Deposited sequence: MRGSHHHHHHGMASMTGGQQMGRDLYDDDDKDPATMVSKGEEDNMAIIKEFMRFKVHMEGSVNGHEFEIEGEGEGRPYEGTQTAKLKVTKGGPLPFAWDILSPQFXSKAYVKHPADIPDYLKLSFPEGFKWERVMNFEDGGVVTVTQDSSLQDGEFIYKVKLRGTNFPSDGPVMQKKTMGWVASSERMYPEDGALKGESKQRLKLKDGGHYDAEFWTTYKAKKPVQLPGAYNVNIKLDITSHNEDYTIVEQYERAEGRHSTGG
């Protein structure tokens, strides 16, 4: 896969979804350095905008092939190409909001192709997601482990809020390659996800993410 997954790779992403019944679509394009763990994405809301909820609940869904791994941790999701992988995610927020997400990743004509479906439900009409009071995710760590022939990841996540407080969530994701490839043992993936620019109504957004696998739990 050293020649399938190049040191510089682009991707295209399509998301369709709904949040508290508001339907929307997003199209975007991104690029990054899969072995250095860095990537940027430029997203455009193409249906349903301006969105009546916080961009932040969407931002984690736009790319696991771009995680830097040490040589002694098998890079299962890079190894899955060119066929690729699928993932399924549950995000439970502390005020009862829920987002469930499914995603398919493939490689076509030398670019990654991502297709995302998202359903957000049960967010309080008063809460920070529907009132657009969130201000980005704090840096986080996803604990990974193999189970039942797939790679699972779990994390505790936290959104900063305009009022200086925080809004917490738990994330559970299952990642499954489309062909048997080697699973890793347990390890941690440290992630930093930033919104680097956006227009006034978040119908045009750019993101940057850095992700790296480690054995260490330090900081």
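Counting from residue 1 of the deposited sequence, the stretches lacking C-alpha coordinates in this chain are 1-43, 106.
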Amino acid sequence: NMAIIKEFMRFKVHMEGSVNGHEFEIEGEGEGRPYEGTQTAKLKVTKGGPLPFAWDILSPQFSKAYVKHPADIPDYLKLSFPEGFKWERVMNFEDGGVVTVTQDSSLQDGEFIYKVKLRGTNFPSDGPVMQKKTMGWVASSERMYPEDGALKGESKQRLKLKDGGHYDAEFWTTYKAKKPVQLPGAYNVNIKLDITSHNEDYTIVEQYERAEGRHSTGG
From here on, numbers count along this sequence of modelled residues.
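Relative to its counterpart among 82-90 and 105-113, 105-113 has the higher mean temperature factor, C-alpha atoms as listed in the PDB entry.
Legend: mean Cα B-factor per stretch from the PDB entry, 68-76 versus 94-102; the higher mean is in 68-76. Among all modelled residues in its chain, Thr46 ranks in the lowest third by Cα B-factor. For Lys12, the recorded CA temperature factor ranks within the lowest third of the chain's modelled residues. Per the PDB record, residue ranking by Cα B-factor puts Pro34 in the lowest third of the chain. The deposited CA B-factor of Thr121 belongs to the lowest third of values across its chain. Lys179: CA B factor lies in the highest third for its chain, per the PDB record.
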